[PDB]
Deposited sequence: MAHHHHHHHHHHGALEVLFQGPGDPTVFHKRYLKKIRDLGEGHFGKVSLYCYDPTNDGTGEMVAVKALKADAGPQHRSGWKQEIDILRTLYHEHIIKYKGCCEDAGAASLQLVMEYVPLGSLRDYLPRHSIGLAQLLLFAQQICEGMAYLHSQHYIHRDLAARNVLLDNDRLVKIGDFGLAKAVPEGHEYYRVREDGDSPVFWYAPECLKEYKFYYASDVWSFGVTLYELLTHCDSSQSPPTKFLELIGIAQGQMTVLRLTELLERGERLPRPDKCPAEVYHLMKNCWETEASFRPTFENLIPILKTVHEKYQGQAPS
């Protein structure tokens, strides 16, 4: 409901960009004194078509109703006159994504497992509101402080239809996708759990680019495959091939990743089942 007046918005820097959206940091200072607030503002590119434009209004709606400690805070909206839509105004998460943070700060196993647990809490909450994330990766997990992580983007999030268990593109994050998404084109709550396992893998590799899911999966498929990357990915996953065990990852946590990566979606734990398990594995490594 909150409206941001564009007259007090001074752009500081870019925070991220996708194929149709962009996030920039702004100072919102209705003075010029030291009462100024730091905000993250998401805008839809003015060139985006009607499908992306209607999906944008849906994204804004989803964030307006989502309230959880491990989910980015919605701040307000403002008229984006140049793009002839709205701009999504959110809180500025000071330490950025884990994708950018982890390659530069050696973090202990216990802190990573705590982050893992916080992602699950945020995701179980999202699933209880009947939404699927569709884009759970370390790039969408924002660090507030060394003990607080938040799901910071909902660009692909969809409401699961009332009498259905699932929701039915070159921008799709295929290297974080369960075989049922790639093959049957169906996204279940269990499909987000697969993606979590990929995000947990990223955390345990400290988001090293040479260990990343696209790097690792493209080394297994090869690069001279024509339009067959997705087809070849679907078949290595069906032969039980998986992302390796990250160096310094305990066997137990790796088994847990493998359980999120069950080919049979029904054999995957829910995010509710993951919470007490992660609490327990974290308490262990914290001491």
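Where C-alpha coordinates are absent, the deposited sequence of this PDB chain has the segments 1-24, 193-195, 315-318.
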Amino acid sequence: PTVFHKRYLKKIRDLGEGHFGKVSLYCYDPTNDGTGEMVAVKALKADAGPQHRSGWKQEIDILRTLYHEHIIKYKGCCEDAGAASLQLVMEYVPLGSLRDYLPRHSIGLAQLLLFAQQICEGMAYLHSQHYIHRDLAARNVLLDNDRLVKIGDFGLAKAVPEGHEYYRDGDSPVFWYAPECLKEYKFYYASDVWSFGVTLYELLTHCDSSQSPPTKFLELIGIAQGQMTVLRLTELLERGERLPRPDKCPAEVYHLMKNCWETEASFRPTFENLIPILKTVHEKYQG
From here on, numbers count along this sequence of modelled residues.
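For the pair 267-275 and 11-19, the mean Cα B-factor is higher in 11-19. The stretch with the higher mean CA B factor, choosing between 101-109 and 206-214, is 101-109. As recorded in the entry, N32 carries the highest CA temperature factor of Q227, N32, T234, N259. Highest CA B-factor among the listed residues (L220, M38, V41, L243): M38. Split the chain's modelled residues into thirds by C-alpha temperature factor. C181 is in the middle one. Among all modelled residues in this chain, the alpha-carbon of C78 has a temperature factor (C-alpha) in the highest third. In this PDB entry, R134 carries a Cα temperature factor that places it within the lowest third of its chain's modelled residues. Among all modelled residues in its chain, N145 ranks in the middle third by Cα B-factor. When the modelled residues of the chain are ordered by their C-alpha B factor, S85 lands in the highest third.
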